[PDB]
Amino acid sequence: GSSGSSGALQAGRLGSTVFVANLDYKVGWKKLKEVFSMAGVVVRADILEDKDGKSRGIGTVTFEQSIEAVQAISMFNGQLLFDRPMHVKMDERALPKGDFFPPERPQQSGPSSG
Numbered sequence: 003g004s005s006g007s008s009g010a011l012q013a014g015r016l017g018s019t020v021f022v023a024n025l026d027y028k029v030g031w032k033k034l035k036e037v038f039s040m041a042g043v044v045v046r047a048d049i050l051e052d053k054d055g056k057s058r059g060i061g062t063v064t065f066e067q068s069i070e071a072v073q074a075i076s077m078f079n080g081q082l083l084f085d086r087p088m089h090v091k092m093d094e095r096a097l098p099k100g101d102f103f104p105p106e107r108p109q110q111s112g113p114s115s116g
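Using the numbering used here, read the sequence shown as starting at 3 and increasing by one per residue.
What follows is the structure in structure tokens.
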């Protein structure tokens, strides 16, 4: 069987979700969320765990509007929390919002007929 042909790329950095890494064990979804509350309202706040169960210093925060999300990422980008720098980067999976329509406008004109 073939090795394993793969393919991917990053074309469209959209969304609000933010990936947080290098967090303190003590830091819980509570504090994390409460903190991110600054940039804006956290629609969904939770922490990422591994097989063992203990958080690997990685969390996830979801704001309401992109604007708010961005602010946090920055205001938190390189922020020293509990004597430990946090890593807030824009999420990868940019899920849509069921909002998109094709360009359809009522325009008809062309008086030409032999």
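All residues carry an ideal CB built from backbone N, CA and C; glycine is no exception.
Annotation: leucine 97 is outside any alpha helix (DSSP H) and is labelled neither H nor E by DSSP. Pairing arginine 86 with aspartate 26 gives a Cβ-Cβ distance under 8 Å.
Inclusion of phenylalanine 65 and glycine 30 in the CB contact set at 8 Å is not warranted, their separation being larger than that value. A distance below 6 Å between beta-carbons, with the five flanking residues on each side excluded, links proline 108 to no residue of its chain.
Unbroken beta strand (DSSP E) stretches of 3 residues or longer found wholly inside the segment 64-116: 89-92, given in chain order.
With respect to the 8 Å criterion, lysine 99 and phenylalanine 21 are not classified as neighbours on the basis of their beta carbons.
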